[PDB]
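Structure, as structure tokens:
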Amino acid sequence: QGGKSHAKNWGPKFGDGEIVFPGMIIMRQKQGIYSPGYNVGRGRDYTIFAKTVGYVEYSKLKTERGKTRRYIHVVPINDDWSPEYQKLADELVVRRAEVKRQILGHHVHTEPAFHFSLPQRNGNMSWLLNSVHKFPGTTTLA
Amino acid sequence: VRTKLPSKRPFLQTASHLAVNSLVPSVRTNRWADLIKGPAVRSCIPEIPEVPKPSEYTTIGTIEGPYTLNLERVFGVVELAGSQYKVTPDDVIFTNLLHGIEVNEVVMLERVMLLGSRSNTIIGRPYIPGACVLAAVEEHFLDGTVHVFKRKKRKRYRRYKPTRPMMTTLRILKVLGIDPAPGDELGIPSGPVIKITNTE
Amino acid sequence: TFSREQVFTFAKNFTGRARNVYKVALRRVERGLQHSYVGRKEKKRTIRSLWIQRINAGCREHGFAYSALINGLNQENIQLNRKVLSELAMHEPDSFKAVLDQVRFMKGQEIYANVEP
Amino acid sequence: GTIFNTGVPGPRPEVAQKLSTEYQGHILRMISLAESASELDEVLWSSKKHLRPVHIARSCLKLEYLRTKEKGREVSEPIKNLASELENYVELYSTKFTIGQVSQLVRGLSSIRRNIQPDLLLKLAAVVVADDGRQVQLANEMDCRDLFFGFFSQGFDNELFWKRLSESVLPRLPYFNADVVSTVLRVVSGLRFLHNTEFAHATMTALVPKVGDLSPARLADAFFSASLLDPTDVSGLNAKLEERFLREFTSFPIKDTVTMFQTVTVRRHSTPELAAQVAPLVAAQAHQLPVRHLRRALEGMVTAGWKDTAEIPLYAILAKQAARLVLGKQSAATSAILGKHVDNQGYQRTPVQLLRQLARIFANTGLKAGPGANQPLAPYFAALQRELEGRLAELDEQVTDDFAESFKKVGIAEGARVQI
Amino acid sequence: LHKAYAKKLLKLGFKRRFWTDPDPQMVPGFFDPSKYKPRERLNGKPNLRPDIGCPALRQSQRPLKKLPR
Amino acid sequence: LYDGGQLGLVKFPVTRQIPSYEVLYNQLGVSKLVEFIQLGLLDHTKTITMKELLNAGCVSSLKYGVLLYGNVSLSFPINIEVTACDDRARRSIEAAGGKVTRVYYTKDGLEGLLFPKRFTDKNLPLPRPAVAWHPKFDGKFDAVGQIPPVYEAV
RNA sequence: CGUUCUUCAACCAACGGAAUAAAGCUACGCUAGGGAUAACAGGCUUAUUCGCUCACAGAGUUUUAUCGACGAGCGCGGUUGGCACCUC
RNA sequence: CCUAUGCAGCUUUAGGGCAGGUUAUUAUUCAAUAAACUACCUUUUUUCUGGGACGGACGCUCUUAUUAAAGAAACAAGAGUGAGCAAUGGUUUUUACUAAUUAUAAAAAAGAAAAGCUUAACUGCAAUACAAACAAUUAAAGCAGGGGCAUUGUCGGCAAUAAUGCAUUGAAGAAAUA
RNA sequence: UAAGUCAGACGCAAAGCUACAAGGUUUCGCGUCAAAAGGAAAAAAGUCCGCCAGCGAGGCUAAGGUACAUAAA
RNA sequence: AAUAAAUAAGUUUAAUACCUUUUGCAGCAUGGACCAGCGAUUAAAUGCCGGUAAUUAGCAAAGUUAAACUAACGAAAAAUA
Ligand SMILES: [K+]
Ligand SMILES: [K+]
Ligand SMILES: [K+]
Ligand SMILES: [K+]
Ligand SMILES: [Mg+2]
Ligand SMILES: [Mg+2]
Ligand SMILES: [Mg+2]
Ligand SMILES: [Mg+2]
Ligand SMILES: [Mg+2]
Ligand SMILES: [Mg+2]
Ligand SMILES: [Mg+2]
Ligand SMILES: [Mg+2]
Ligand SMILES: [Mg+2]
Ligand SMILES: [Mg+2]
Ligand SMILES: [Mg+2]
Ligand SMILES: [Mg+2]
Ligand SMILES: [Mg+2]
Ligand SMILES: [Mg+2]
Ligand SMILES: [Mg+2]
Ligand SMILES: [Mg+2]
């Protein structure tokens with residue numbers, strides 16, 4: 001009788017000259033209307049995301065067969081295309097997290113603090129429990 | 001966008017710009033608009049001067065004892081306490097509370113706008129220089145209670161606030177500035193004995 | 001809520017049960033005090049209307065109009081208000097006419113502090 | 001992410017494993033992991049009813065670490081206000097601290113250039129020296145090291161305090177590490193009344209077999225102190241220290257090499273090592289050489305007698321480096337940002353005393369500044385004129401004459417600005 | 001847990017630290033043979049009966065049923 | 001707490017893991033033990049037992065035992081007997097030359113250790129020590145505690 | 001006997017699904033409420049109904065005597081409807 | 001007349017029970033058990049809705065009007081779906097090819113078909129974002145291990161937008177305790 | 001504020017449903033009422049001007065008015 | 001809605017009770033004939049969040065209960081010698 005499907009927000013998220021950080025989504029589209037340019041990626045559903053720190057750019061290209069192609073680019077901070085820019089981006093990522101924690105305040109906790117320790121698997125932290133809970137380092141050999 | 005939750009986009013963008021500025025220094029170091037910014041001024045036009053006005057009221061002495069008054073044949077218009085009055089000797093007027101005067105004191109009123117008799121009239125534009133009116137302070141009183149009441153039907157709203165205004169009473173003694181018409185002169189003593197206590 | 005003493009003090013001049021019956025008098029007291037707030041506001045409008053009527057009647061006896069007088073006073077820098085002008089027309093006809101003649105014809109003799117400069 | 005609301009950074013596994021544990025001590029970890037002065041203040045405010053002397057000692061020590069992060073500038077307002085509040089707790093618990101806790105307290109407050117009130121400082125000293133220092137025996141090496149340097153920086157010069165402390169520590173000197181002994185030697189040199197006491201000789205003798213374990217920074221300071229303390233080299237430390245420097249000349253950082261080089265020159269032991277000394281300076285001149293060390297390099301090279309060479313104009317680059325530090329100009333290049341060059345830390349006003357010393361040293365170098373269009377000393381004096389123009393109030397009759405002598409010596413006496 | 005729901009739980013006095021409670025019988029040297037009880041499996045089914053169930057899981061109290069007679 | 005009928009709080013799974021019994025022990029840090037000795041509330045020249053810790057005020061109320069944990073830099077030997085210990089504490093004490101012993105006590109034995117006067121004032125013999133512990137606890141204890149501890153010099 | 005990990009199944013399609021399961025009559029009816037909501041009357045609307053004008057095609061056959069249409073516009077509140085504004 | 005945390009009486013091949021009689025089986029010299037028949041006891045019998053009943057509907061996708069940011073309702077309108085594929089997945093080579101889907105101006109260094117080898121339709125983790133009352137739902141750089149095709153690139157299923165179901169209870173494989 | 005609210009109404013301007021009807025119904029942009037006294041249009045919730053702490057026989061204006069009713073050519 | 005604001009005392013102008021309930025009530029929606037007396041978020045235990053103090057609390061009387069605290073990276077070198 002009635003009914004409606006859940007809405008999908010297709011469209012751009014940033015304009016020309018806006019600053020982005022790695023992992024941020026720039027475009028949500030149902031078809032490949034826009035193609036990935038430099039310093040960007042594309043998901044299996046045609047989601048375009050940034051892969052470095054920089055500013056968003058838009059450009060148009062005319063192909064060999066007379067079709068129009070549209071790209072999305074991310075430009076480095078000072079137009080630095082050298083391979084040394086990657087380490088600068090890594091430092092900026094660490095700094096950005098510190099800025100956010102300072103603004104939010106101490107009472108917005110960003111790590112858990114339980115009365116027990118989480119198990120370790122394959123050298124990383126795991127959220128799955130072991131069959132038995134034991135204190136670390138409270139037993140000797142044999 | 002459909003959600004009513006407030007957006008955090010401005011917070012996410014500020015954290016990105018702050019991080020870059022903290023680590024990467026800028027190339028420019030000056031701004032011309034700041035370099036030539038001039039001193040702060042009050043305005044860009046000359047100030048408008050004010051128009052002088054005569055003094056409102058001033059004490060000149062005190063009254064020693066009981067007196068009597070007779071009727072005269074002159075009148076005038078005087079501005080006092082924000083309103084105008086038409087006065088002749090032996091009149092009583094009620095005004096707002098006047099500060100700095102006491103009962104049984106004589107005051108001088110200088111904002112005279114009109115003087116008249118039975119043979120001549122003098123018109124001020126807007127004030128007459130060299131004219132004055134004398135009066136005696138008789139009372140500083142609280143007037144009758146005024147009951148202030150407010151209510152809104154069906155809204156559970158009701159307010160009651162009684163009040164008592166403050167006022168002053170004066171009796172006119174003499175009007176100076178215009179001569180009576182011929183044959184209208186008062187040829188006998190008229191007013192009280194005043195002890196002058198204001199010499200400038 | 002007003003007390004019995006306050007209610008009966010206000011209602012001492014009311015008619016019938018409105019004088020000595022609390023429930024009847026209380027509603028009559030509150031409605032009357034509401035009338036008084038409106039009454040004080042309207043008083044200032046009515047009195048100014050009466051002043052203008054008296055001034056206009058005096059002006060037209062000489063062949064003038066109220067609106068012409070108000071404009072003429074502002075050109076001469078005369079700042080007499082309507083309460084005073086109303087009283088002059090009723091009680092001081094000669095002075096009221098002198099004001100009209102100055103505004104219309106401007107034939108008054110000027111006065112200086114030094115009569116002989 | 002997925003765990004927290006929008007804008008909240010995700011957890012750090014390293015921090016998460018510290019806080020999630022079966023053992024107590026939550027408050028201590030919270031203050032130890034604080035990343036800013038404001039964050040630490042909030043932790044103390046919300047835990048006021050449960051603070052103890054151990055918490056206060058750690059809080060004052062954290063001020064040392066926060067200051068280190070915020071380098072390139074003086075102590076900020078939030079740090080100063082936080083230090084003031086901590087002092088009230090020190091007075092409250094002044095009678096409950098242990099020797100170790102007092103040692104941490106003084107070190108943290110000294111690193112922030114905070115002067116403890118004389119009445120409170122006396123109380124803290126009394127705790128350490130009470131019972132003739134018999135409680136000092138139950139302390140580790142680090143506690144003793146921080147006691148000596150912490151109080152010395154504060155300026156406590158009570159003879160009885162130092163006499164008792166020296167007596168108790170004396171038997172343990174042979175068993176301390178090289179760095180700990182070096183710190184003790186520095187304090188002895190600064191305290192005149194201990195210059196010729198047996199304690200000074202005992203310290204020098206104890207350091208003889210531990211020279212090889214000294215760190216580059218402690219090694220440089222030990223050589224400086226030993227030169228003033230034992231000019232006769234009776235203990236042999238100077239001989240051993242010089243031998244190690246010669247063997248490991250290029251194995252130390254620039255700052256330590258400059259300090260040791262200057263000490264050798266003033267000791268009149270100069271040898272034909274200038275060629276080896278010049279190359280490291282030019283190789284690393286934009287970094288590892290602040291204003292103070294730049295002056296030290298000039299004095300050592302000038303005293304040694306090295307002369308400007310066409311291949312390596314060391315004096316010319318030093319003038320540019322000095323001008324850069326005075327002006328404070330920064331660079332946005334990626335290499336400079338990643339290299340953490342000192343010149344990009346910002347602008348820091350320098351004392352006029354250093355400016356006069358640098359100007360005199362450049363004048364004594366013997367190079368011209370004005371006459372030539374591009375002279376080695378041109379950039380320094382041009383920057384000096386600009387800097388002085390903004391601080392004329394600090395110029396007096398003596399300072400103006402001192403610069404005028406330097407300006408005439410270099411060859412600028414026409415009353416005109418430097419070409420550059 | 002969402003902030004609005006968490007505050008209500010804390011306001012009511014929720015302070016649990018572990019998923020379950022420790023067993024004092026497992027501490028060495030403190031085993032009491034008299035107070036022996038085989039370990040049981042915790043029940044995960046909430047009591048949702050609106051007549052004798054949890055007042056926080058029903059909107060209002062319902063009348064009780066009749067007894068067999 | 002009613003949410004209108006959605007009942008969102010009971011849409012989450014249930015966990016049944018049993019926590020370790022050692023959460024019933026009193027925890028004592030090595031850094032706190034040293035502070036008491038430095039202030040003079042504990043005698044470091046003789047063996048330290050849980051009775052001394054209780055009287056000194058390090059431990060508030062004991063029902064099962066004391067767990068020693070943490071890292072500390074020591075300069076003098078310490079000999080301490082506790083019921084449980086981690087590896088960080090053992091290394092710290094042994095580095096200075098001390099000895100850490102894990103002692104096994106029963107319910108009745110622990111009472112005699114802490115309050116011997118409670119038995120002598122009533123002219124009662126002290127509780128007797130245990131013979132051995134269950135093999136399931138091998139690797140948890142080093143020796144069987146004696147109700148009157150044997151103090152030694154350090 | 002209990003716990004953890006890797007996984008699946010049934011009724012939940014009234015598809016945020018739980019009191020394990022599970023149909024009707026009351027004109028013999030009872031209580032608590034609503035004009036927040038129907039049946040009669042009033043109100044708004046005028047599709048429909050009715051009337052008038054333009055239109056003069058077509059029948060009568062010189063006549064717009066009389067009858068009378070496609071189509072368009074306007075009016076009425078009396079026909080069949082729509083809404084739920086007043087009163088439970 | 002409609003609306004309730006509704007009440008009561010009556011009815012039955014609506015659910016459950018056996019507590020009188022009859023009947024069936026078994027046992028001692030007025031008894032015990034019950035998917036039967038009669039009697040009796042107790043419990044259930046949605047909501048939306050241009051009033052209610054009758055009829056219809058309830059999950060999830062695509063498209064139309066409210067213009068060319070997003071979002072936006074009615075028992076408004078026009079169409080799909082509760083799957084399929086051991087290759088129709090992954091990856092290399094060749095070229096007289098450039099389609100089709102429920103619907104649709106996707107796409108040329110891309111696809112489809114043909115030929116060859118394969119199982120990444122993995123194990124353990126994850127910065128940062130889209131969306132969003134919450135629950136859940138969506139995209140994803142990167143790190144370690146073992147692999148596939150290439151020979152230094154890609155693979156954590158399928159052009160994309162639908163093919164689904166919380167917790168509880170039950171069951172299976174393995175591992176750790178007791 | 002771990003509060004109250006989850007019955008909304010009309011004017012101008014658009015679209016769906018109805019009959020390019022309804023003081024109809026469903027969305028959407030602005031305003032007013034709701035919770036707003038005072039002035040103008042006849043009475044005047046939603047239109048036009050304009051937001052009331054109190055008193056006064058001072059003055060200037062808005063919308064709207066200026067042969068009588070009824071202030072002002 | 002029986003009053004209000006004024007007045008030369010002749011009169012003139014302004015002015016559809018209250019409560020409850022509602023998108024909206026002078027309401028042809030609800031309740032009250034009038035007066036006096038009576039008549040409705042109270043107490044206990046526990047938890048959460050502010051304010052004001054004590055500077056651990058209770059017993060006992062040199063010894064015991066309750067609570068609270070208990071390792072995080074030992075990182076500073078400011079010597080015009
Ligand atoms: K349902
Ligand atoms: K009715
Ligand atoms: K209807
Ligand atoms: K009566
Ligand atoms: Mg359907
Ligand atoms: Mg009824
Ligand atoms: Mg209705
Ligand atoms: Mg309606
Ligand atoms: Mg219904
Ligand atoms: Mg969420
Ligand atoms: Mg590979
Ligand atoms: Mg793929
Ligand atoms: Mg509702
Ligand atoms: Mg609603
Ligand atoms: Mg409507
Ligand atoms: Mg309302
Ligand atoms: Mg005017
Ligand atoms: Mg008139
Ligand atoms: Mg209604
Ligand atoms: Mg009645």
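Going through the structure tokens in order, the chains are called A, B, and so on, while each chain numbers its residues from 1 and the ligands are numbered from 1 in the order shown.
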
Subject >> chain B contacts on chain D, only C-alpha atoms, 8 Å, as a ChimeraX atom specification >> reply: /D:6-7,330-332,337

Preceding selection exported with C-alpha atoms as a short mmCIF file (atom, residue, chain, number, x, y, z; two decimals), in the first residue's frame:
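Saved the output as selection.cif:
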```cif
data_model
loop_
_atom_site.label_atom_id
_atom_site.label_comp_id
_atom_site.auth_asym_id
_atom_site.auth_seq_id
_atom_site.Cartn_x
_atom_site.Cartn_y
_atom_site.Cartn_z
CA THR D 6 32.34 10.44 15.81
CA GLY D 7 35.58 12.35 16.31
CA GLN D 330 62.00 29.43 9.52
CA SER D 331 61.83 27.12 6.50
CA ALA D 332 58.90 25.03 5.26
CA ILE D 337 60.87 19.81 9.10
#
```

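Those residues that approach residue 87 (chain G) to within 10 Å, counting only C-alpha atoms (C1' of nucleotides), are residues 35 of chain G; 28 and 29 of chain J; same-chain residues fewer than 5 positions away are not listed.
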
Subject >> Distance filter 10 Å around ligand 15, atoms: only C-alpha atoms (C1' of nucleotides) and all ligand atoms, out as an MDAnalysis selection string >> reply: (chainID I and resid 9:10 22:25) or (chainID J and resid 23)

For the contact check between chain D and chain J, emit one row per residue of chain D within 6 Å, containing the shortest atom pair and the distance in Å rounded to one decimal, counting only C-alpha atoms (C1' of nucleotides), chain then rising number order, as a tab-separated table.
```
residue	atom	partner	partner_atom	distance
D:25	CA	J:70	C1'	6.0
D:29	CA	J:72	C1'	5.7
D:32	CA	J:72	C1'	5.6
D:111	CA	J:76	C1'	5.3
```

Subject >> Residue list for chain H near chain A as a count of residues only, 9 Å, only C-alpha atoms (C1' of nucleotides) >> reply: 30

Original post:
Which protein, DNA or RNA residues have an atom within 12 Å of ligand 3, counting only C-alpha atoms (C1' of nucleotides) and all ligand atoms, as a PyMOL selection string?
Top reply: (chain G and resi 37-38+82-84) or (chain H and resi 49-52) or (chain I and resi 24-25)

**OP:** Pull out every residue of chain F sitting within 8 Å of chain E, counting only C-alpha atoms, and send them as a list in words.
**Re:**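 Contact residues on the first chain: residues 1, 2, 4, 5, 7, 10, 14, 15, 16, 17, 18, 19, 20, 21, 22, 23, 24, 64, 104, 105, 106, 107, 133 and 137 of chain F.
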
Original post:
Quick one: residues within 7 Å of region 80-93 of chain F, only C-alpha atoms (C1' of nucleotides) counted, chain neighbours fewer than 4 positions away excluded, as a PyMOL selection string?
Top reply: (chain A and resi 137-138) or (chain F and resi 30+47-50+65-74+97-104)

**OP:** Mind checking which residues fall within 6 Å of region 117-133 of chain D, counting only C-alpha atoms (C1' of nucleotides), ignoring those fewer than 2 positions away in the same chain, and posting them as JSON, numbers by chain?
**Re:** {"D": [99, 135, 136]}

Just-selected residues, N, CA, C and O atoms written as a PDB file, in the first residue's frame:
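Contents of the output file out-v6.pdb:
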```
ATOM      1  N   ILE D  99      63.186  10.209  51.701  1.00  0.00           N
ATOM      2  CA  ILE D  99      64.333  10.797  51.016  1.00  0.00           C
ATOM      3  C   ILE D  99      64.153  10.705  49.506  1.00  0.00           C
ATOM      4  O   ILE D  99      64.413  11.668  48.775  1.00  0.00           O
ATOM      5  N   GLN D 135      69.444   7.685  57.466  1.00  0.00           N
ATOM      6  CA  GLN D 135      68.411   7.230  56.547  1.00  0.00           C
ATOM      7  C   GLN D 135      68.840   7.333  55.089  1.00  0.00           C
ATOM      8  O   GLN D 135      68.195   6.729  54.225  1.00  0.00           O
ATOM      9  N   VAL D 136      69.917   8.069  54.797  1.00  0.00           N
ATOM     10  CA  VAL D 136      70.411   8.162  53.430  1.00  0.00           C
ATOM     11  C   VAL D 136      71.001   6.842  52.959  1.00  0.00           C
ATOM     12  O   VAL D 136      71.131   6.620  51.749  1.00  0.00           O
TER      13      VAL D 136
END
```

Original post:
So which residues are near ligand 10, meaning at most 8 Å away with only C-alpha atoms (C1' of nucleotides) and all ligand atoms counted, given back as number ranges by chain?
Top reply: D: 2, 5; H: 132, 134-136

Could you turn the residues from that selection into a file that holds N, CA, C and O atoms (P, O5', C5', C4', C3', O3' and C1' of nucleotides), as a PDB file, in the first residue's frame?
```pdb
ATOM      1  N   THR D   2      34.536   2.505  15.053  1.00  0.00           N
ATOM      2  CA  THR D   2      33.327   1.772  15.399  1.00  0.00           C
ATOM      3  C   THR D   2      33.025   1.754  16.889  1.00  0.00           C
ATOM      4  O   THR D   2      31.857   1.629  17.260  1.00  0.00           O
ATOM      5  N   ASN D   5      32.151   7.414  19.618  1.00  0.00           N
ATOM      6  CA  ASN D   5      31.378   8.352  18.821  1.00  0.00           C
ATOM      7  C   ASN D   5      32.266   9.027  17.776  1.00  0.00           C
ATOM      8  O   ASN D   5      33.494   8.902  17.781  1.00  0.00           O
TER       9      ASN D   5
ATOM     10  P     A H 132      21.371   9.436   8.166  1.00  0.00           P
ATOM     11  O5'   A H 132      21.338   8.719   9.590  1.00  0.00           O
ATOM     12  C5'   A H 132      20.624   7.508   9.788  1.00  0.00           C
ATOM     13  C4'   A H 132      20.998   6.857  11.097  1.00  0.00           C
ATOM     14  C3'   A H 132      20.640   7.633  12.357  1.00  0.00           C
ATOM     15  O3'   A H 132      19.294   7.445  12.760  1.00  0.00           O
ATOM     16  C1'   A H 132      22.888   6.911  12.488  1.00  0.00           C
ATOM     17  P     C H 134      22.579   6.988  17.585  1.00  0.00           P
ATOM     18  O5'   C H 134      22.241   5.722  18.488  1.00  0.00           O
ATOM     19  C5'   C H 134      22.607   5.676  19.857  1.00  0.00           C
ATOM     20  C4'   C H 134      22.033   4.456  20.532  1.00  0.00           C
ATOM     21  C3'   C H 134      22.425   3.116  19.924  1.00  0.00           C
ATOM     22  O3'   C H 134      23.688   2.651  20.369  1.00  0.00           O
ATOM     23  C1'   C H 134      20.087   3.179  20.228  1.00  0.00           C
ATOM     24  P     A H 135      24.645   1.821  19.381  1.00  0.00           P
ATOM     25  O5'   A H 135      23.861   0.458  19.134  1.00  0.00           O
ATOM     26  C5'   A H 135      23.715  -0.491  20.179  1.00  0.00           C
ATOM     27  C4'   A H 135      22.705  -1.554  19.830  1.00  0.00           C
ATOM     28  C3'   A H 135      23.054  -2.452  18.655  1.00  0.00           C
ATOM     29  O3'   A H 135      23.933  -3.505  19.014  1.00  0.00           O
ATOM     30  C1'   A H 135      20.817  -1.710  18.448  1.00  0.00           C
ATOM     31  P     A H 136      25.459  -3.515  18.514  1.00  0.00           P
ATOM     32  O5'   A H 136      25.519  -4.734  17.489  1.00  0.00           O
ATOM     33  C5'   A H 136      25.825  -4.537  16.116  1.00  0.00           C
ATOM     34  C4'   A H 136      24.594  -4.665  15.255  1.00  0.00           C
ATOM     35  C3'   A H 136      24.801  -4.474  13.759  1.00  0.00           C
ATOM     36  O3'   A H 136      25.273  -5.640  13.108  1.00  0.00           O
ATOM     37  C1'   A H 136      22.976  -3.162  14.464  1.00  0.00           C
TER      38        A H 136
END
```

Write out, as CSV, each residue of chain A that has an atom at most 12 Å from chain D, together with the closest pair of atoms and their distance in Å to one decimal, counting only C-alpha atoms, rows going by chain and rising number.
```
residue,atom,partner,partner_atom,distance
A:23,CA,D:1,CA,10.7
A:24,CA,D:1,CA,11.4
A:76,CA,D:334,CA,11.4
A:77,CA,D:334,CA,10.2
A:78,CA,D:332,CA,8.6
A:79,CA,D:334,CA,11.0
A:80,CA,D:334,CA,8.4
A:81,CA,D:334,CA,11.0
A:82,CA,D:334,CA,9.6
A:83,CA,D:334,CA,10.9
A:84,CA,D:334,CA,7.7
A:85,CA,D:334,CA,7.3
A:86,CA,D:334,CA,10.4
A:87,CA,D:338,CA,8.2
A:88,CA,D:338,CA,7.0
A:89,CA,D:334,CA,10.5
A:90,CA,D:338,CA,11.1
A:91,CA,D:338,CA,9.1
A:92,CA,D:338,CA,11.2
A:93,CA,D:9,CA,11.1
A:94,CA,D:9,CA,10.5
A:95,CA,D:9,CA,11.7
A:96,CA,D:9,CA,9.4
A:97,CA,D:9,CA,6.2
A:98,CA,D:35,CA,8.5
A:99,CA,D:9,CA,10.2
A:100,CA,D:9,CA,7.5
A:101,CA,D:9,CA,7.5
A:102,CA,D:39,CA,7.7
A:103,CA,D:39,CA,10.3
A:104,CA,D:8,CA,8.2
A:105,CA,D:39,CA,7.1
A:106,CA,D:39,CA,5.8
A:107,CA,D:42,CA,8.6
A:108,CA,D:8,CA,8.0
A:109,CA,D:8,CA,8.7
A:110,CA,D:11,CA,5.4
A:111,CA,D:11,CA,4.8
A:112,CA,D:16,CA,6.1
A:113,CA,D:20,CA,4.4
A:114,CA,D:20,CA,4.7
A:115,CA,D:22,CA,5.1
A:116,CA,D:21,CA,4.5
A:117,CA,D:21,CA,4.6
A:118,CA,D:20,CA,7.2
A:119,CA,D:17,CA,9.8
A:120,CA,D:17,CA,10.0
A:123,CA,D:13,CA,11.3
A:124,CA,D:13,CA,8.4
A:125,CA,D:13,CA,7.0
A:126,CA,D:13,CA,10.1
A:127,CA,D:13,CA,11.7
A:133,CA,D:22,CA,10.9
A:134,CA,D:22,CA,9.7
A:135,CA,D:22,CA,7.2
A:136,CA,D:22,CA,8.6
A:137,CA,D:22,CA,11.4
A:138,CA,D:22,CA,11.6
```

Original post:
Neighbours of ligand 17 within 12 Å, counting only C-alpha atoms (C1' of nucleotides) and all ligand atoms, as JSON, numbers by chain?
Top reply: {"C": [66, 67, 70, 71, 74], "I": [59, 60, 61, 72]}

**OP:** For chain F, list the residues within 8 Å of chain H, counting only C-alpha atoms (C1' of nucleotides), and write the list as number ranges by chain.
**Re:** F: 8, 10-13
